[PDB]
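Have a look at the structure below, then the notes.
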Amino acid sequence: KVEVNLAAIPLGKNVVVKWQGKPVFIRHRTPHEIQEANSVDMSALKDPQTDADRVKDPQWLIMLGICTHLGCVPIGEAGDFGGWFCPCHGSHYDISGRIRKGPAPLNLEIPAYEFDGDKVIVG
Amino acid sequence: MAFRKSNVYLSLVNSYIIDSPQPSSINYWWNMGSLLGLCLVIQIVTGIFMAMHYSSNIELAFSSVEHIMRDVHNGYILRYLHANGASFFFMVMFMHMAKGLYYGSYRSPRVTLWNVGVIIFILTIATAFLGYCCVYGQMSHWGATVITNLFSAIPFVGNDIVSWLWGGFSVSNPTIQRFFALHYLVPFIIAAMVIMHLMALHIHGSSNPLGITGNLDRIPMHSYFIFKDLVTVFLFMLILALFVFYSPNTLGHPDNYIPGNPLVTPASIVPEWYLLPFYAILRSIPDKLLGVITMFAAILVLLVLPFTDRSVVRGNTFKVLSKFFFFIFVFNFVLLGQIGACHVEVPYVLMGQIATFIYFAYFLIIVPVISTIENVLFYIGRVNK
Amino acid sequence: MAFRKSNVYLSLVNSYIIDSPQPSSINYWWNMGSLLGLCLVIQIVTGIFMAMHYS
Amino acid sequence: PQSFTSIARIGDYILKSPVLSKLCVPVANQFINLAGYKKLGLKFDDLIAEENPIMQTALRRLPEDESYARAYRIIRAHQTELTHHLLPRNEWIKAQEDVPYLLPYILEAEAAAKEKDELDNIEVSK
Amino acid sequence: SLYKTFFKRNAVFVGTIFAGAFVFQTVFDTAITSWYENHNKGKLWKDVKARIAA
Amino acid sequence: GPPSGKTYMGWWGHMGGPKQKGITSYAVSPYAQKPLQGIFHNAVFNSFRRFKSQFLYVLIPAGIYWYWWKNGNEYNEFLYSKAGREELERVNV
Amino acid sequence: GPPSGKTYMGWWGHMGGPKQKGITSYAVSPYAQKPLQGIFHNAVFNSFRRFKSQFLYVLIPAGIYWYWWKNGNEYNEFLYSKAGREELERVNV
Amino acid sequence: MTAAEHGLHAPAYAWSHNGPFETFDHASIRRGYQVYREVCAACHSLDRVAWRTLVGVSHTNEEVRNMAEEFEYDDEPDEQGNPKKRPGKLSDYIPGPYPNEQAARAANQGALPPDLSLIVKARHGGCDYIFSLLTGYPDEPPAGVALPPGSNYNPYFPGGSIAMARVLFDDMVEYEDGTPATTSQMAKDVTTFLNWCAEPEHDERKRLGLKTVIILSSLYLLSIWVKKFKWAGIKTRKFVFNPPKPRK
Amino acid sequence: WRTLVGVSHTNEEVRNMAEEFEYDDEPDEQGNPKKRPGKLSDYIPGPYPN
Ligand SMILES: CCCCCCCCCCC(=O)OC[C@H](COP(=O)(O)OC[C@H](O)COP(=O)(O)OC[C@@H](COC(=O)CC)OC(=O)CCC)OC(=O)CCCCCCCC
Ligand SMILES: CCCCCCCCCCC(=O)OC[C@H](COP(=O)(O)OC[C@H](O)COP(=O)(O)OC[C@@H](COC(=O)CC)OC(=O)CCC)OC(=O)CCCCCCCC
Ligand SMILES: CCCCCCCCCCCCCCCCCC(=O)OC[C@H](COP(=O)(O)OCCN)OC(=O)CCCCCCCCCCCCC
Ligand code: HEM
Ligand code: HEM
Ligand code: HEM
Ligand code: HEM
Ligand SMILES: COc1c(O)c(C)c(C/C=C(/C)CC/C=C(\C)CC/C=C(\C)CC/C=C(\C)CC/C=C(\C)CCC=C(C)C)c(O)c1OC
Ligand SMILES: COc1c(O)c(C)c(C/C=C(/C)CC/C=C(\C)CC/C=C(\C)CC/C=C(\C)CC/C=C(\C)CCC=C(C)C)c(O)c1OC
Ligand SMILES: CCCCCCCCCCCCCCC(=O)OCCCOP(=O)(O)OC[C@@H](O)COP(=O)(O)OCCCOC(C)=O
Ligand SMILES: CCCCCCCCCCCCCCCCCC(=O)O[C@H](COC(=O)CCCCCC)COP(=O)(O)OCCN
Ligand code: FES
């Protein structure tokens with residue numbers, strides 16, 4: 001359970017740290033996130049989920065890359081919305097990180113990272 | 001008496017490979033079991049000599065196998081004879097098992113010999129899997145990832161046995177160091193199951209292609225079947241040498257010459273060619289728990305065969321219908337291995353669901369039904385009431 | 001006959017550790033050979049569990 | 001391991017039926033000629049497996065004139081297959097000779113073993 | 001005759017087999033290396049090293 | 001040790017078959033026979049008889065399974081072409 | 001298999017000793033006997049008899065080899081002292 | 001999948017080391033190292049090849065020593081503990097251009113160039129794929145495909161969009177022996193040099209394979225003769241039956 | 001550092017002792033070297049480099 005820092009990853013970046021042995025998707029934030037993460041009706045989907053169920057420490061985001069095909073890896077820094085791109089079969093995880101289309105049945109896991117102040121423990 | 005009969009240690013050799021009574025009519029299909037004993041000696045010897053130069057740490061493993069192939073004197077001969085030797089070991093075993101399935105060698109009084117054989121087959125699949133991971137190529141990391149994650153579907157004990165296999169939270173350095181140490185051991189457990197296997201053959205002896213008693217015409221082993229076994233030994237070495245010296249990378253995958261990368265996934269992750277029929281059976285069931293049960297059930301379904309054969313005749317020599325359906329099962333096993341090397345696409349999903357039903361239906365439906373029909377067909381053809 | 005005398009594998013166990021005839025007067029110096037069989041089992045087991053962590 | 005009592009139970013229902021015995025008997029005659037045991041010099045009752053007590057009992061009770069002739073047919077057959085040949089066409093078994101010489105000894109060994117089991121695990125009328 | 005000395009004993013013949021195998025390896029190797037290098041002459045290093053000696 | 005359970009096979013002198021009476025056997029030494037006169041008139045005339053007896057039980061199953069494999073390929077070839085894009089969209093979902 | 005060479009031991013029923021005639025044996029059950037009345041009057045009175053019979057064959061050799069070890073030590077102690085420097089110089093060369 | 005996602009099938013050219021009795025052409029290996037040093041080595045490493053393995057294969061010993069001496073390696077620290085550098089020697093390994101993977105991607109717009117010591121064995125196609133990749137860039141992509149910024153079209157690459165650009169043009173090197181250095185010629189040499197980097201045992205492996213196959217093929221034919229001789233008594237054995245008289 | 005917790009010092013004490021040293025981090029986005037403070041998984045450093 002690692003803690004790099006909190007003012008070490010600037011805004012428009014991300015680092016796939018080898019945290020605990022995984023391609024996990026760090027993402028530093030701005031209120032420039034609840035802008036546009038749920039501007040889409042949920043029921044146009046495999047079977048949905050809401051921001052408040054997603055993560056309620058909402059200005060530092062982390063998500064796994066252990067994909068439910070056989071372990072595929074998405075993008076860094078491209079797309080139409082600005083999401084994460086599966087070349088394996090086909091998918092683009094939007095800014096909130098969800099289906100637009102594809103045979104991917106579900107979104108994975110936001111690692112159970114808890115806040116207490118001065119360091120956020122991932123895991 | 002002769003000294004080879006009175007000495008405690010030579011008496012065993014005499015009783016097994018010199019004076020053992022054999023049926024005179026056995027053919028060259030009875031020579032595959034001696035080859036499997038040579039395969040095990042090849043695989044064990046070549047492995048000791050490579051293990052002197054190997055390093056099992058995850059940052060040193062891949063480059064240690066290249067050190068064997070570049071710097072060790074006659075090191076490329078040791079490895080290729082090892083990698084192609086295992087593919088030859090599995091091909092002779094599929095022929096050995098299909099023989100006993102044709103001539104009825106599983107029936108009474110040889111049920112115990114057939115059950116110890118099914119245990120050898122399980123331990124040999126395990127051995128070959130563990131050693132393919134000691135290379136730590138790209139197929140070697142991602143093959144261990146998807147197989148060890150199948151035990152996560154066992155209820156209430158799944159996530160604990162996976163973290164205990166891995167030694168951590170992923171396929172990592174503890175995983176590769178323990179797979180190498182398991183891999184050296186299990187070949188010596190196989191050698192003890194082979195001794196138990198031969199002991200169960202000695203009390204009743206071998207069968208014959210006619211399926212009747214052999215106690216009326218017996219010849220000894222020495223200089224009839226010692227020199228008939230020598231014919232197939234030199235053909236085995238000749239065909240193996242052709243692959244080791246002129247085509248040594250045609251039965252493997254190219255992506256295993258890339259070092260293992262947990263962050264980059266390959267476009268197609270497949271096992272070696274001899275685990276592909278069982279990989280397509282797992283891929284046929286759209287549920288994690290039931291696919292794992294069905295994959296293992298495909299190996300243990302061989303054990304119900306002594307009970308579902310309802311015939312009074314041993315073997316398929318004089319059987320018309322049971323001979324046609326023996327070869328449907330053979331070519332269904334080749335299509336399963338071939339489906340398992342394809343993509344998950346239409347129509348390769350339905351083709352693998354029908355062909356995995358024909359695998360389980362042969363043992364449980366087809367054999368007992370046509371064997372009953374053939375009994376009654378022999379009766380009414382002679383008895384005229 | 002009993003199953004331990006008719007089965008191919010249990011017959012060896014019966015002939016060696018159950019029904020084997022022994023002299024009645026042997027003393028405790030005849031017990032060292034069974035200990036040496038336990039020593040070999042201890043070493044092979046402990047060494048295999050360490051070899052998973054060795055370099 | 002289907003019993004011979006059961007095989008004859010089914011077979012005698014087919015043979016004594018007019019409509020059934022004309023579709024399955026021609027089929028069964030081609031099944032025996034394609035099998036090819038008569039070309040090795042064998043009768044069908046030689047092919048039956050004999051590693052069980054009901055067949056060891058029937059062979060002890062077989063007369064010795066018929067027992068000596070059975071052992072010669074089995075030795076001649078192992079030698080014909082060893083050479084990868086067939087016998088001459090005038091030494092083949094004919095259909096008249098392909099008789100069930102061992103069936104009657106089998107059926108009486110089976111009826112006695114069943115009678116014993118029914119008595120060893122009977123419950124009393126009282 | 002021939003058989004009473006060629007192979008009558010097998011101390012005649014396991015020593016002749018072993019002594020004759022030692023001579024076989026040397027004569028066999030020199031014949032294969034000469035055919036292999038002549039079948040691929042012009043491509044070897046010793047031929048390239050003899051064309052750049054200016 | 002003691003004797004174990006009895007079997008369906010013995011040893012030289014007592015093999016457990018039926019008693020033999022009236023069978024006579026003859027043989028000749030190998031040294032007195034001409035070298036290997038059994039390879040030819042056996043690789044053409046006999047090998048063809050053995051082939052013709054049994055080839056039908058192998059090649060009718062092989063023809064069924066190979067025809068099924070080619071029709072599966074050619075259909076998969078077609079779905080991922082430009083002409084087979086509309087049929088691919090239906091049979092997926 | 002066949003029989004092997006004969007030995008000097010058999011099995012229950014045929015052990016290979018001489019024939020017995022005129023020997024009778026008696027015994028009593030363990031359940032009918034009092035618990036372990038054989039530890040005391042055996043750890044003092046009998047154990048002393050066993051010690052006195054055999055202790056002389058061990059302790060005379062042990063006394064010889066231990067006396068030889070101490071005289072070797074004490075002499076080596078002395079050679080590497082200040083008083084034993086002149087004798088060390090001779091017995092070396 | 002679609003044919004564009006699998007890539008185009010590399011054809012079959014007639015390499016002079018194909019065949020069971022053929023060796024490498026060693027004048028193309030020497031010629032091929034010159035194309036590596038002057039074109040490829042700016043952006044590709046060869047970390048598994050040592051200087052000493054080139055002696056007696058492509059260069060003389062005196063030539064190879066002068067090639068290694070033009071680089072700097074890390075020596076062991078002096079008497080106070082400060083670091084030292086030294087020139088190269090024969091036991092050293094051929095050095096690469098970049099110090100770490102972070103710097104390699106920074107100079108190639110995010111893409112990482114792989115090590116080439118095993119690229120012939122780690123790709124389906126072998127020498128036929130490496131050659132066709134380099135001579136397979138068209139001068140304008142086909143109508144319809146929209147390339148991302150910073151990628152080039154090559155139909156032999158799976159997907160049709162590769163981060164490498166064309167690097168072979170006519171007469172960019174001048175060969176010592178005087179061979180015309182066209183595009184197809186330079187490609188044939190690097191692919192021959194790089195196969196030697198993957199398979200240094202190729203020449204003497206196929207020499208020990210000729211001996212093994214000739215010896216074992218003779219033992220296999222002698223085994224058949226011996227077996228038939230020793231089995232001749234059983235095959236010609238005869239049997240006859242005379243029914244005993246019924247009195248026993 | 002982590003082996004001292006629960007033996008001689010509290011967890012908060014040990015973190016402040018490790019933070020007074022510099023260790024080698026993994027390089028930046030261009031490939032240049034980085035340093036960082038210490039953490040509990042680190043090993044106690046020595047005075048001399050070689
Ligand atoms: C890598 C290891 C290599 C060895 C593995 C294969 C060896 C076992 C295969 C069994 C076999 O021998 O094939 C025969 C099979 C069924 O036929 P069968 O059992 O009734 O007759 C046997 C009779 O004793 C022959 O032997 P035969 O008595 O006729 O004469 C001796 C023969 C020696 O040949 C051999 O060495 C055979 C290994 O003489 C010569 O050939 C001289 C050379 C001119 O009919 C066939 O021909 C099918 C071929 C096999 C196809 C299945 C395997 C493909 C994957
Ligand atoms: C370092 C690794 C070692 C670990 C293994 C330890 C085992 C070492 C055993 C060595 C040995 O075999 O010496 C045997 C010898 C006894 O010979 P014996 O059969 O005539 O005595 C039967 C007894 O009277 C009945 O004794 P009982 O059968 O009634 O109970 C046995 C019990 C002791 O019971 C008592 O409370 C005192 C009587 O437990 C044992 O005695 C355990 C066995 C030591 O022992 C003796 O008492 C005398 C010989 C002394 C040996 C010393 C030299 C060895 C270095
Ligand atoms: C879980 C494990 C499952 C294991 C299944 C593995 C399947 C692959 C195994 C491949 C070997 C299978 C060959 C069959 C061997 C069984 C014994 C046998 O078939 O031989 C008897 C058969 C009959 O012909 P005979 O003239 O020799 O008469 C003697 C008795 N009637 O003589 C013959 O051999 C028939 C002629 C040869 C047929 C060759 C056809 C191809 C066989 C498949 C090979 C692999 C795919 C090409
Ligand atoms: C039944 C016996 C054996 C089987 C079936 C077997 C199978 C295999 C296989 C399939 C591989 C991977 C081959 C490759 O693609 O490179 C392998 C690798 C390896 N095995 Fe074996 N093996 C056996 C016995 C042994 C033994 C007894 C040892 C050690 C004494 C051993 C040591 C190794 C080593 C060091 C490697 C890695 C080097 C390499 O890749 O060749 N093997 N084994
Ligand atoms: C290392 C693996 C094995 C070895 C060394 C081995 C060895 C042997 C040998 C020497 C024989 C006697 C000769 C022969 O029948 O060819 C034999 C027979 C037999 N084996 Fe195996 N075997 C192995 C694996 C297996 C397997 C995997 C099975 C079945 C699942 C099996 C089942 C049998 C049977 C049923 C027989 C008796 C056949 C008959 O007498 O007709 N064995 N084995
Ligand atoms: C008869 C059986 C064995 C004997 C007598 C034996 C003896 C020894 C001895 C004396 C040591 C050095 C102990 C020390 O001072 O540290 C040692 C070390 C070692 N042995 Fe064994 N050994 C046996 C079996 C095995 C086996 C089967 C393995 C399997 C891998 C093994 C693995 C090791 C390892 C990994 C070490 C180094 C770790 C250590 O020092 O404890 N041993 N062995
Ligand atoms: C300075 C010149 C070169 C530069 C800047 C360069 C750059 C690159 C880059 C960025 C890639 C990654 C491709 C991707 O990920 O899409 C690559 C791959 C590759 N390069 Fe180069 N390269 C150069 C010269 C060469 C030459 C001359 C060869 C052939 C001898 C070569 C052989 C390869 C191969 C085989 C690949 C992998 C292709 C594959 O995986 O299918 N490179 N190169
Ligand atoms: C049906 O008739 C038969 C029959 O035909 C046959 C062939 C057999 C025999 C069949 C077999 C398959 C034989 C069994 C063979 C094994 C069980 C193999 C087990 C043994 C090994 C694999 C050997 C292990 C090797 C070593 C321990 C040493 C290797 C390492 C070395 C030499 C390195 C040494 C170090 C240095 C520094 C030189 C029968 O039993 C039989 O029944 C009557
Ligand atoms: C005189 O009367 C006697 C008598 O008193 C006795 C005791 C015996 C029996 C005596 C013995 C000494 C028994 C023999 C003991 C052996 C031969 C020891 C053999 C030990 C092994 C083969 C070791 C087996 C160990 C393993 C397989 C380890 C398992 C490890 C696992 C599962 C770890 C998994 C992880 C990895 C990395 C492999 C007699 O035979 C006898 O004669 C009649
Ligand atoms: C606690 C219970 C057991 C204690 C001691 C048991 C001793 C085991 C055998 C003693 C009894 C022998 C007398 C005959 C008998 O009834 O037993 C059969 C013995 C076993 O036969 P086998 O070795 O399988 O032969 C099988 C034959 O092939 C001859 O064998 P081979 O292939 O030469 O084996 C060597 C290969 C590897 O062996 C190793 C390394 O262990
Ligand atoms: C030198 C190597 C060691 C050689 C072996 C000696 C040591 C003995 C091994 C340990 C003994 C345990 C044996 C189990 C006893 C029961 C066997 C049995 O029931 O025989 C069989 C069934 O066994 C099996 O299914 C396979 C045995 C798996 C072996 C496990 C490793 C029953 O057969 P049965 O004798 O009753 O007659 C046929 C009736 N259908
Ligand atoms: S990998 Fe996520 S959709 Fe294909």
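Letters A, B, ... go to the chains of the structure tokens in the order shown; residues in each chain start at 1; ligands are counted from 1 in the same order.
With the cut-off set to 10 Å and only C-alpha atoms and all ligand atoms counted, the residues surrounding ligand 6 are residues 181, 184 and 185 of chain B; 36, 39, 40, 41, 42, 43, 44, 45, 46, 47, 48, 49, 50, 51, 52, 53, 54 and 55 of chain C.
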Query raised in the report: When the cut-off is 6 Å and you count only C-alpha atoms and all ligand atoms, which residues lie near ligand 10, shown as a count of residues only?
Result: 9
Query raised in the report: Can you tell me which residues sit at most 9 Å away from ligand 5, counting only C-alpha atoms and all ligand atoms, written as a VMD selection string?
Result: chain B and resid 26 28 to 40 89 93 to 94 96 to 101 103 to 107 110 to 122 124 190 to 191 193 to 195 197 to 198 201 204 to 209 302
Requested in this report: May I have the residues within 7 Å of ligand 7, computed using only C-alpha atoms and all ligand atoms, as JSON, numbers by chain?
Outcome: {"H": [36, 39, 40, 41, 42, 43, 44, 108, 111, 112, 113, 114, 116, 119, 130, 134, 157, 161, 162, 163, 164, 165, 167, 168, 187, 190, 191]}
Query raised in the report: Once you count only C-alpha atoms and all ligand atoms, which residues end up within 6 Å of ligand 1, and could you hand them over as JSON, numbers by chain?
Result: {"B": [27, 28, 29, 231, 232, 235, 236]}
Query raised in the report: Quick one: residues within 6 Å of ligand 4, with only C-alpha atoms and all ligand atoms, as a ChimeraX atom specification?
Result: /B:40,43-44,47-48,50-51,54,65,79,83,86,127-128,131-132,134-135,184,187
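For ligand 2, the neighbouring protein, DNA and RNA residues, which are those within 8 Å when only C-alpha atoms and all ligand atoms are counted, are residues 26, 27, 28, 29, 30, 31, 32 and 35 of chain C; 38, 39, 42, 43 and 47 of chain G.
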Deliver the residues from the most recent selection as a file, using C-alpha atoms, as an mmCIF file, in the first residue's frame.
```cif
data_model
loop_
_atom_site.group_PDB
_atom_site.id
_atom_site.type_symbol
_atom_site.label_atom_id
_atom_site.label_comp_id
_atom_site.auth_asym_id
_atom_site.auth_seq_id
_atom_site.Cartn_x
_atom_site.Cartn_y
_atom_site.Cartn_z
ATOM 1 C CA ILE C 26 16.404 -57.734 20.029
ATOM 2 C CA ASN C 27 17.093 -54.634 22.129
ATOM 3 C CA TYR C 28 16.849 -50.861 21.597
ATOM 4 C CA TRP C 29 20.027 -50.774 19.479
ATOM 5 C CA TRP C 30 17.868 -52.249 16.683
ATOM 6 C CA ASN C 31 15.777 -49.046 16.597
ATOM 7 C CA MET C 32 18.389 -46.772 14.967
ATOM 8 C CA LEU C 35 15.240 -43.226 12.941
ATOM 9 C CA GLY G 38 8.384 -53.982 36.612
ATOM 10 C CA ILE G 39 9.908 -50.450 36.764
ATOM 11 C CA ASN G 42 14.534 -53.003 38.251
ATOM 12 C CA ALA G 43 15.964 -49.447 38.106
ATOM 13 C CA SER G 47 20.371 -51.832 36.810
#
```
Query raised in the report: Mind checking DSSP for chain C and telling me the helix (DSSP H, G or I) residues as a ChimeraX atom specification?
Result: /C:3-6,10-18,28-51
Write out the residues from the selection above, keeping N, CA and C atoms, as a compact mmCIF listing (two decimals), in the first residue's frame.
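selection.txt, freshly written:
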```
# COMPACT_ATOMS: atom_id res chain seq x y z
N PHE C 3 -7.50 -58.78 2.74
CA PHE C 3 -7.22 -57.87 1.63
C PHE C 3 -5.78 -57.37 1.66
N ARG C 4 -5.19 -57.22 2.84
CA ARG C 4 -3.81 -56.76 2.95
C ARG C 4 -2.80 -57.79 2.47
N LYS C 5 -3.22 -59.03 2.23
CA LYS C 5 -2.35 -60.08 1.74
C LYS C 5 -2.58 -60.42 0.28
N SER C 6 -3.70 -60.00 -0.30
CA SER C 6 -4.06 -60.29 -1.68
C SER C 6 -3.85 -59.13 -2.63
N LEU C 10 -0.64 -53.44 -0.98
CA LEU C 10 -0.65 -53.65 0.46
C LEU C 10 0.11 -54.89 0.89
N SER C 11 0.26 -55.88 0.00
CA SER C 11 1.05 -57.06 0.31
C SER C 11 2.49 -56.72 0.67
N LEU C 12 3.06 -55.71 0.02
CA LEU C 12 4.42 -55.29 0.36
C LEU C 12 4.47 -54.64 1.73
N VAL C 13 3.48 -53.82 2.06
CA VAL C 13 3.44 -53.18 3.37
C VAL C 13 3.24 -54.22 4.46
N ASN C 14 2.35 -55.18 4.23
CA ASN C 14 2.12 -56.24 5.21
C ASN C 14 3.36 -57.08 5.44
N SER C 15 4.06 -57.45 4.37
CA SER C 15 5.23 -58.30 4.49
C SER C 15 6.41 -57.61 5.17
N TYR C 16 6.42 -56.28 5.25
CA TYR C 16 7.55 -55.53 5.77
C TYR C 16 7.32 -54.91 7.14
N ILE C 17 6.14 -54.36 7.45
CA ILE C 17 5.93 -53.61 8.68
C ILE C 17 4.79 -54.13 9.54
N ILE C 18 4.07 -55.17 9.12
CA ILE C 18 2.96 -55.71 9.91
C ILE C 18 3.26 -57.13 10.35
N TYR C 28 17.09 -52.20 22.13
CA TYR C 28 16.85 -50.86 21.60
C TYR C 28 17.92 -50.39 20.62
N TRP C 29 19.05 -51.09 20.51
CA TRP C 29 20.03 -50.77 19.48
C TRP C 29 19.53 -51.11 18.08
N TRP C 30 18.48 -51.91 17.96
CA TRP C 30 17.87 -52.25 16.68
C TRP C 30 16.84 -51.22 16.23
N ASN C 31 16.72 -50.10 16.93
CA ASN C 31 15.78 -49.05 16.60
C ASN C 31 16.40 -47.88 15.85
N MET C 32 17.72 -47.88 15.63
CA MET C 32 18.39 -46.77 14.97
C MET C 32 18.11 -46.70 13.47
N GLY C 33 17.77 -47.82 12.83
CA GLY C 33 17.51 -47.82 11.41
C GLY C 33 16.18 -47.22 11.01
N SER C 34 15.18 -47.29 11.88
CA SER C 34 13.94 -46.57 11.65
C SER C 34 14.10 -45.07 11.84
N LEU C 35 14.97 -44.65 12.77
CA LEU C 35 15.24 -43.23 12.94
C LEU C 35 15.91 -42.63 11.71
N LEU C 36 16.87 -43.34 11.12
CA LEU C 36 17.53 -42.87 9.91
C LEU C 36 16.58 -42.71 8.74
N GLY C 37 15.44 -43.40 8.75
CA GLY C 37 14.43 -43.19 7.74
C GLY C 37 13.60 -41.95 7.98
N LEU C 38 13.44 -41.57 9.25
CA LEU C 38 12.79 -40.33 9.61
C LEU C 38 13.68 -39.12 9.35
N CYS C 39 14.98 -39.25 9.62
CA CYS C 39 15.94 -38.20 9.31
C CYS C 39 15.93 -37.82 7.84
N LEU C 40 15.92 -38.81 6.95
CA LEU C 40 15.90 -38.53 5.52
C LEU C 40 14.61 -37.84 5.09
N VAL C 41 13.49 -38.15 5.74
CA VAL C 41 12.22 -37.50 5.40
C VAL C 41 12.21 -36.05 5.89
N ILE C 42 12.79 -35.80 7.07
CA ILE C 42 12.91 -34.44 7.58
C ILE C 42 13.74 -33.58 6.64
N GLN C 43 14.91 -34.07 6.22
CA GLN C 43 15.79 -33.28 5.37
C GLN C 43 15.18 -32.99 4.00
N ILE C 44 14.55 -33.97 3.37
CA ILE C 44 14.02 -33.74 2.04
C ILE C 44 12.86 -32.75 2.08
N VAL C 45 12.07 -32.76 3.14
CA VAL C 45 10.90 -31.89 3.22
C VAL C 45 11.32 -30.45 3.51
N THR C 46 12.15 -30.26 4.54
CA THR C 46 12.58 -28.91 4.90
C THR C 46 13.39 -28.26 3.80
N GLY C 47 14.23 -29.02 3.11
CA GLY C 47 15.04 -28.47 2.04
C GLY C 47 14.26 -28.04 0.82
N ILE C 48 13.17 -28.73 0.52
CA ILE C 48 12.34 -28.36 -0.61
C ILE C 48 11.58 -27.07 -0.33
N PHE C 49 11.18 -26.85 0.93
CA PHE C 49 10.45 -25.64 1.28
C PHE C 49 11.37 -24.43 1.36
N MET C 50 12.66 -24.63 1.62
CA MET C 50 13.63 -23.55 1.55
C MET C 50 14.05 -23.23 0.13
N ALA C 51 14.14 -24.24 -0.74
CA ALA C 51 14.54 -24.05 -2.13
C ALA C 51 13.61 -23.15 -2.92
```
